[PDB]
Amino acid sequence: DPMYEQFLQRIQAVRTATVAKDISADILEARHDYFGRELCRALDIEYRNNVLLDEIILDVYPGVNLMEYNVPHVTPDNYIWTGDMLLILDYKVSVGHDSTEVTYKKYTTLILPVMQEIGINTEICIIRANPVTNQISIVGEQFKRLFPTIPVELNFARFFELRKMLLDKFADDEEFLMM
């Protein structure tokens, strides 16, 4: 478990609230990426993690003149180009809905206008795993139509253990409390 052992080594050595806070964010990012790999594997789709919107456009429409459009330089996690429709994909790991709503609004308002200008049928798709219950939530009707079941086998226990160890090391640290 080289990813686990690297985190553990960092948790053993950390002494300051600011370095611990970076450890915490790093753990949350790695558990998010773990879900993305596992999800794409279960669905047997190409795994990507942050593709520049400009690059997505060139992949689906090679003859595009990028400079004739105002392309927001967002980096959604992944996409599916069926040949007829573009599914923009972002992974989430959270017990709650709020981060899904933030990214939904952002990618709806920033990606959909230019894609309609370009002429590319696009759907914004956000796939959330609850890290405690392993239940999967999907926004994106065409994604659900393409993938009615998702046979993932998720275990988030090790990410919770690492983060709990770090939070317990700093549970009497006022600074870290705030961060």
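Note that the rigid core is defined as the largest set of C-alphas that superpose within 1.5 Å between two forms. All residue numbers are counted from 1 along the displayed sequence.
Asks: Find the stretch among 127 to 135 and 65 to 73 with the larger RMS C-alpha deviation in 4 other deposited structures of this protein, all structures being superposed on the shown form by the rigid core.
Replies: If we average over structures and residues in 4 other deposited structures of this protein, the farther stretch is 65 to 73.
Asks: Taking the mean of the C-alpha B-factors per stretch from the entry, tell me the winner out of 14 to 22 and 167 to 175.
Replies: If you average the C-alpha B-factors of 14 to 22 and of 167 to 175, the larger mean comes out for 167 to 175.
Asks: For the higher mean C-alpha B factor in the entry, choose 44 to 52 or 142 to 150.
Replies: The entry gives the higher C-alpha B-factor average to 142 to 150.
Asks: Which listed residue, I118, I111, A30, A129, has the largest C-alpha temperature factor in the record?
Replies: The C-alpha B-factor peaks, among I118, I111, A30, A129, at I118.
Asks: Thinking about Cα B factors across the chain, which third does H97 belong to?
Replies: For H97, whose C-alpha B-factor we compare with every modelled residue in the chain, the answer is the highest third.
Asks: If you rank every modelled residue in this chain by C-alpha B factor, which third holds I57: lowest, middle or highest?
Replies: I57: CA B-factor falls in the lowest third of its chain.
Asks: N65: which third of its chain by C-alpha temperature factor?
Replies: Ranked within chain, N65 CA B lands in the highest tercile.
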